[PDB]
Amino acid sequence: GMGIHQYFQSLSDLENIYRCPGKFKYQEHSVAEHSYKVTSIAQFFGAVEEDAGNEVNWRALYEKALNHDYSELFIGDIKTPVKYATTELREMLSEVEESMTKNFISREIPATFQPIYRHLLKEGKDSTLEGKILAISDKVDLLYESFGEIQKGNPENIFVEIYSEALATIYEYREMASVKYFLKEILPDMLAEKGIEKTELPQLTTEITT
């Protein structure tokens, strides 16, 4: 029943939920693993922002990143770009997820800790600096996931589309010292990988960033 023990057991269950199941991937990633990676990416961008002179709320940076996909435990989320799911339909999914999280907290978390879990499990992406770090870090992981598959020779075009959408989103955050660094130093290393010159990525990247 209700207790932190149940919550601790649940952490392991996130190892058994995988990202965008269906299409073949040479390497699958659990939601737990994606969360570890997003928090590590966010941790890096936090350092970049502080180097640039920006005050970072570290508790907010880390909590947003670490907990952003915990709700995948009870409701799936669509990582591929808009094909069959509209905007109206994606908001319906968000409301269901919101309600289920509420019900989870009420059922499983002791009253003393419900307020902190309500805070930790709510929507983390907003226009705060830490919110925006979450927005870009989530897309950087999705970029790396899709790029990895392309680099390994995966033949499905969906991965090029995911890469394109992820990069286009990152580019909307180009005011950030984090994204400036990403575009200047990180992305060129990606595109310089052997064989990438033979793919669509260089051309897509130019189209999206100019």
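Quick note: we count residues from 1 along the sequence shown, nothing fancier.
Stretches 97-105 and 128-136 differ in mean C-alpha B factor, with the higher average recorded for 97-105. Between the stretches 84-92 and 71-79, it is 84-92 that shows the larger average CA temperature factor. The residue among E33, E49, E156, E145 whose C-alpha carries the highest B-factor in the deposited model is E156. Of the candidates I186, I196, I17, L11, the deposited coordinates give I196 the top C-alpha B factor. When the modelled residues of the chain are ordered by C-alpha B-factor, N57 sits in the middle third.
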